[PDB]
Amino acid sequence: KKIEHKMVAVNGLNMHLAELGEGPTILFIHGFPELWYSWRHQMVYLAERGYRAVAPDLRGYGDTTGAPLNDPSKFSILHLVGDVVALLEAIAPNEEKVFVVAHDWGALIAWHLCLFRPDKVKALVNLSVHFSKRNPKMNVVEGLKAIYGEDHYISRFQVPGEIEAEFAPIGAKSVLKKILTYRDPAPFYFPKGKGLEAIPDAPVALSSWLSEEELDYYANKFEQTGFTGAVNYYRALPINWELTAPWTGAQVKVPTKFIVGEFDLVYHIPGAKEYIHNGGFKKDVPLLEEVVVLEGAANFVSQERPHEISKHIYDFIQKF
């Protein structure tokens, strides 16, 4: 069959869902600046092996409608987990628990799904973004700004209109090409008025995993929606920090596999490698299996290393 597409009303949205295969459900949750389409290789690999792959476009992305682009407070982590819970009730009514695979903002959503409703998740494969303990002193924007300065992308993303105006004359295709092919372990910088000039290019041979047709699929979608919905998730980080105070000291109790590219920028946040490999992460996530670091890979592993990601997911979920 080819991938099927449908609209599902969920938590005040009209959510686009891509679906392939039959059997137990696996929910795939994309991040920034991705779409359902980012999971296509895994959807095929798992559907061929007797699972039902489902991948929505999240709030503010793609073909999903209904969230107010002019109000970033509606892109909080509570709203996003709300969407996913409602989605699961609508599309997996005969399954108390499903498998979850997620990346980047997806993985942030998934960690919170697991803290808030562990009863809904059988096992979790998270890519790129490790569990982040809440810092009682400061929110993630302030914390990253204190390390990397005001040109750090998360900081430059904060005020509505600003990064949108920076990207407007560049066009979506070049912005996405620059982000998707990015390989340097430092964070993205967007100095005001400097477009993409602060972001280095890697050798062209290292990006051949991204076809021109794939890039165009993203570009055409983000030209239609603009970047605001996606960027709004980062604009809700300050409120997310306030809203998540009840989960200080709480642990994730779902069986979990974490996979990260060697050159992933999140993996190079100071203190991340220590947290991940020397015990902190295991304390927060006590059913965490050994962490997988993909040699030679960067920020978009499901697309850059499709076979390894596909088989890692299959082998992990087969344990259950």
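Note that residue numbering begins at 1 and tracks the sequence as displayed.
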Mean temperature factor over C-alpha atoms, higher-scoring stretch between 56-64 and 250-258: 250-258
Entry-level comparison of average CA B-factors, 203-211 and 190-198, reporting the higher stretch: 203-211
Per the PDB entry, maximal CA B factor within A272, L27, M43, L35: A272
Candidate set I147, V175, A230, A102 [ranked by C-alpha B-factor, highest]: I147
Third of the chain's Cα B-factor distribution that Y182 belongs to, per the entry: middle
Record-listed C-alpha B factor of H152: chain third: middle
Relative C-alpha B-factor of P306, binned into the chain's lowest, middle or highest third: lowest
CA B-factor ranking of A236, expressed as a third of its chain: lowest
Chain-wide C-alpha B factor ranking for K133, given as lowest, middle or highest third: highest
